[PDB]
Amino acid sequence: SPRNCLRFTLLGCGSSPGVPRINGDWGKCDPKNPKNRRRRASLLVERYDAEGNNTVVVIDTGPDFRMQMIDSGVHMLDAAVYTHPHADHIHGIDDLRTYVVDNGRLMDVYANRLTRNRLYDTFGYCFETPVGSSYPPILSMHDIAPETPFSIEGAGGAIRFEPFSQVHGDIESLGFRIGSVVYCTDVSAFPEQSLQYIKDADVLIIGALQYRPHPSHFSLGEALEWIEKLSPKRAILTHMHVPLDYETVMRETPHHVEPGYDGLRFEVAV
C-alpha cells in the first residue's frame, strides 16, 4: 500500500460534455479503447505517511464526482478545492454530503471569490438552510487566491497548494502546484506572474482541448508550445475533447508527453 508519498489520481480527463458526448458521439476517438471514455476533469490528491494514513483532497466536484471517488477506491475525503465555477467542475457538489456525515464535521471547501460567490448563488442550500427546509448545511468555505499558498491538514499530514492565476476565455481559473506536480485545466493563457509556479515541474498536467483553436482552452499545439517552454520532466494532457484520440495523440506528442486517461495514477516523493 502507499507510504511516505503523495499520490495523484486523474479522476477525469475529458471536456465539458465528456467522451463520448451524451448523444453517443465519440468524435475521432476509437470507441474500442477504454482510455477514450472520459469523465469530467478532476484530480485526486493524497498524502500518505509512514503507516499509510492519508490526507485526501479533491480538485473539482463535477457531475462524475461520485463514480470517480467510488472507482478510486478511496473512501474518505478531507477537503474539496475548486478551479472555477463551470458546470463540469461543480455540479456534483451535493455528493459531498456523505463525507460530512462520516467526518462529523462540515466539508471544508476552498475557492476564490468568483467561484465562491457563484456556488453561493446556485448551491446556497449547501451553505445555509433556506426558508421552508430542514436540511442542515454541509460545507465550510475557505478563501483562496492566486500567489497565496494554503495547506490542508489530515491524517497523512498537511498538503500544501500553491494557487495561481490562469486566463480561461472570458473568466479566470486557478491552477495549483502541489510539490513538483502542477495542475492546469481550463486555461487559454498563462499570465506572466504565474510562470514561476508552472516551470520545472516533475509532472505538468495541462489542458489540451482539441486540434483547432478555441477561445477558452489551449489547442494541442499550444499546449505543446507551453510544455517546450516550461520543461516539465513529464507532461500529461487533460480536458481532452472528442477530436483527440488516445493512441493518435500519444504518437503526435514527444516521449515525455502523454494524453491522460481516467484512473491514471502515480506516486511521488513528499
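One rule holds for the numbers: they count along the sequence shown, beginning at 1.
Colleague: Should the higher mean CA B-factor in the entry be assigned to 157 to 165 or to 131 to 139?
Modeller: On average, C-alpha B-factors are higher across 131 to 139.
Colleague: Comparing 201 to 209 with 46 to 54, where is the mean C-alpha B-factor higher?
Modeller: Of 46 to 54 and 201 to 209, the stretch with the higher C-alpha B-factor average is 46 to 54.
Colleague: Between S194, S72, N112, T185, let me know which has the highest C-alpha B-factor in the entry?
Modeller: Each of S194, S72, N112, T185 was compared by C-alpha B-factor; the highest is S194.
Colleague: Looking at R105, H91, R177, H84, which has the biggest Cα B factor in the entry?
Modeller: In the PDB entry, the greatest C-alpha B-factor among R105, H91, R177, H84 is found at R105.
Colleague: Just say lowest, middle or highest third for the CA B-factor of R37 relative to the other modelled residues in its chain.
Modeller: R37: CA B-factor falls in the middle third of its chain.
Colleague: What third of its chain, lowest, middle or highest, does the C-alpha temperature factor of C5 fall into?
Modeller: It belongs to the middle third of the chain when residues are ordered by C-alpha B-factor.
Colleague: Please place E247 in the lowest, middle or highest third of its chain according to the CA B-factor in the PDB entry.
Modeller: Middle third, going by the recorded CA B-factors of the chain.
Colleague: Which third of the chain does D30 land in by C-alpha B-factor: lowest, middle or highest?
Modeller: For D30, the deposited C-alpha B-factor lands in the highest third.
Colleague: What third of the chain does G62 rank in for C-alpha temperature factor, lowest, middle or highest?
Modeller: Tercile = lowest for this residue's CA B-factor.
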